[PDB]
Protein chains: 2
Amino acid sequence: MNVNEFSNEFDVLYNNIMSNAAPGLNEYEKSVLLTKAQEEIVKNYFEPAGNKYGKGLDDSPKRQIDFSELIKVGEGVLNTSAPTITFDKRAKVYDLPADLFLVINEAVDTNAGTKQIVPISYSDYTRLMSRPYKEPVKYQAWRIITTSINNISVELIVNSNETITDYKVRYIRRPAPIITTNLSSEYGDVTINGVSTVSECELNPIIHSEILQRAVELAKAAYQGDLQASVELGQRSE
Amino acid sequence: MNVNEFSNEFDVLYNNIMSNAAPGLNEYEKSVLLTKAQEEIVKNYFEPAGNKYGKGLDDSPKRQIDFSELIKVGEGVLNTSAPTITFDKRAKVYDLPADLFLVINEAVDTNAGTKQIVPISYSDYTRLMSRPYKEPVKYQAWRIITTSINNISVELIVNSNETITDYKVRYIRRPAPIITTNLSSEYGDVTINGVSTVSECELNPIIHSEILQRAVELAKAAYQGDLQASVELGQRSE
């Protein structure tokens, strides 16, 4: 659905079947609600417990087609420019892509061979560093996040006696805003996420209906003005 | 089969087929279990009562070929370097090789010809020195272990008016550890028997599968962790 279809069809649902019976939303407000709705839909359909089916990213064909146009593969760049301090002796700091939303697969190409990266929690790190050897298994590497400035920096703790030659990251790209008009034309300097012009949906058409319905629900709740409605539909913001 | 194949097939037999797969083992853990299994298999197979067949070192072609790659022949060094207190006034002290696991044959070349060394027990020593003669039979010599520091020292008793020219010892060499990967680490160098570098199995490939099976059994016994498993699988340490 083009942006013009998202605006026209919001009023067949929010505005009492385009009857001007409900309050009436500007195009900036519709754009804001659509952007928030798409963020909510992505977050809910990612986590299995966030949706109504109990199914996550790759738990059904529908979920696979939902995130199909967000999945991106990018390389990490060595953060040798800044001589920071790492928590681990053998940690090579790598910076991740800027348009990163959620990581789902990471791999590192060493001289010994490719090794799947395990994002290791702060408890497992303390548990595995209390042992004699203190290295990953032969076919894996660890990863912990470190001091990050306006980006995402990750320490790659690969086994000693090995050098990192590559670092591939497969992640969900940050969705672009949904904007139904040139905001600068009538609204002075309002931006949704830094873009003031018409922005289409960068998602598969399968979830456009989901996003529009969530936007309509959010609009109706924000206008009913009840605290109860706001807190109830705020549950699904995550 | 090389160390890589030990580790790969160890994973295959341990956790790559099991239904509710357990955490994979670190290479230090795998090397430890392989070395322990190696020593256990050697000790089981040297003693007939230690294995189900009732067959010892040389009781079948398989048992010969098992230790074929572990047999070594050396010479004992006369221990006149420093003074010492021999239990028997007419015994010459000799030092065995450091890498000695088990003695299976000894022989001494005197001026009166070669003589097979019979390791006499302490009760046999007491019985034999109660007789009027107190010397070995024609074509043999007697032996008892004496004060040993850092290596076995040995007291040889030959007939009167006989000088020893050399003392050959057919023994079983101490098995070298099986280490899958260079255990060098920035957090601390760990060793199996004092060596951190990669170490292949220096025994015949006929028992490599045997060592792997014993390693898997020990791994699963450790995984269970109850006193029962440790007690019943410690019976085979010997």
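Residues numbered from 1 in each chain as written, not as in the entry; some residues may be left out. Chains lettered and ligands numbered in written order. Part of a larger assembly, values for the part shown. Heavy atoms only, no water.

Regarding how it was determined, this PDB entry cites cryo-EM in its header, along with a resolution of 3.33 Å.

Looking at the PDB entry, one finds chain A named Ring protein 4/5 gp34 and attributed to Bacteroides phage crAss001. Looking at the PDB record, one finds the entry titled "Tail assembly of the phicrAss001 virion with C6 symmetry imposed". Quoted verbatim from the Function field of the UniProt record, the comment on chain A reads "Forms the tail multi-ring barrel with ring protein 1, ring protein 2 and ring protein 3." (UniProt positions renumbered as here; feature names shortened; annotations may be inferred.)

A. Structural view of the side chain of B:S7. Among the structural elements, B:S7 can be located in helix 1 (residues 3-14). Excluding anything up to four places from it in sequence, B:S7 contacts A:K138, B:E27, B:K30 and B:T180. (Helix = DSSP H or I, 4+ residues; strand = E, 2+ residues; numbered from the N terminus. Contact = heavy atoms within 4.5 Å.)

B. Spotlight on helix 2 (residues 27-46) of chain A. All names here are of chain A. Taking 1.5 Å of rise per residue, the 20 residues of helix 2 would be expected to cover 28 Å, and the 28 Å separating its terminal C-alpha atoms lies within 8% of that figure. Taken as a whole, helix 2 has its buried residues at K30, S31, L33, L34, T35, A37, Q38, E40, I41, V42, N44 and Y45. Elements that come into contact with the buried residues of helix 2 comprise helix 1 (3-10), helix 3 (61-66), strand 4 (100-110), helix 6 (208-224) and helix 7 (227-234). (Expected span 1.5 Å × (residues − 1). Buried < 20%, exposed > 50% of the residue type's maximum accessible area, 1.4 Å probe, protein only.)

C. Geometry of empty space enclosed by the protein. Residue and element names in this part refer to chain A. With the rule as written, the count across this model stands at one cavity of 30 Å³ or more. Of the pockets and cavities examined, the largest cavity occupies roughly 40 Å³. Lining of the largest cavity is provided by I41, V42, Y45, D66, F67, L70, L203 and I207. Sorting elements by how many residues they give to the lining of the largest cavity places helix 2 first, with three residues. Classifying every residue of the lining of the largest cavity by side-chain character gives seven nonpolar, no polar and one charged. (1 Å grid on protein atoms, 1.4 Å probe; cavity = no way out; pocket = protein on both sides within 12 Å on 5 of 7 lines; lining within 4 Å. Points joined across faces, edges and corners; volume = space filled by probe spheres on them. Nonpolar A, V, L, I, M, F, W, Y, C, P; charged D, E, K, R; others polar.)

D. Structural detail: the sheet that holds strand 4 of chain A. All names here are of chain A. Spatial strand order, 1-8-4-5-6-7-3-2: eight strands in an open sheet with mixed pairing. Taken across any chain shown, the strands that pair with only one partner, and hence form the sheet edges, are strand 1 (71-75) and strand 2 (77-78). Note: strand 4 against strand 5 (residues 114-119), three bridges, orientation antiparallel. Paired with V108 across the strands is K115, a residue of strand 5. (Pairing = 2+ DSSP bridges.)

E. Looking closely at the interface of chain B and chain A. At the interface, 16 residues of chain B touch 16 residues of chain A. Of the roughly 1400 Å² buried between chain B and chain A, counting both surfaces, carbon and sulfur atoms make up 49%. Looking at the side of chain B facing chain A, the largest losses of area belong to B:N26, B:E186 and B:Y187, adding up to 45% of the total buried there. There are zero salt bridges connecting chain B and chain A. Summed over the shared surface of chain B and chain A, the number is seven residue pairs in polar contact. Breaking the side of chain B that touches chain A down by element, the ones donating at least two residues are helix 1 and helix 2 (27-46) of chain B. For the side of chain B that touches chain A, the leading source of residues is helix 1 of chain B, giving three residues. (Buried area = accessible area lost by both parts, 1.4 Å probe. Salt bridge = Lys/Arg side-chain N within 4 Å of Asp/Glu carboxyl O. Polar contact = N/O pair within 3.5 Å; in protein donor to acceptor, adjacent residues only side chain to side chain.)

F. The pairing of strand 6 (residues 140-145) of chain B, seen in detail. All names here are of chain B. Note that strand 5 (residues 113-119) and strand 6 share four bridges and pair parallel. By the bridge assignment, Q116 is partnered in strand 6 with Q140. Two elements, strand 6 and strand 7 (residues 153-157), share four bridges in a ladder whose sense is antiparallel. Paired with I144 across the two strands is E155, which belongs to strand 7.

G. Here's a closer look at the nonpolar core. B:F10, B:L33, B:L34, B:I178 and B:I211 are the most contacted members of the largest nonpolar core, which totals 27 residues. Broken down by secondary-structure element, the contributors of at least two residues to this core are helix 1, helix 2 and helix 5 (208-224) of chain B. Setting aside its immediate chain neighbours within four residues, B:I211 contacts B:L34, B:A37, B:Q38, B:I41, B:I178 and B:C201. With 24 residues, the next largest nonpolar core counts A:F10, A:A37, A:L70 and A:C201 among its residues. (Core = buried A, V, L, I, M, F, W, Y, C linked by side-chain atoms within 4.5 Å.)

H. Region of interest: the side chain of A:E40. Looking at the secondary structure, you find A:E40 in helix 2. Beyond its immediate chain neighbours, meaning those up to four positions away, A:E40 contacts A:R214, A:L218, A:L233, A:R236 and A:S237.

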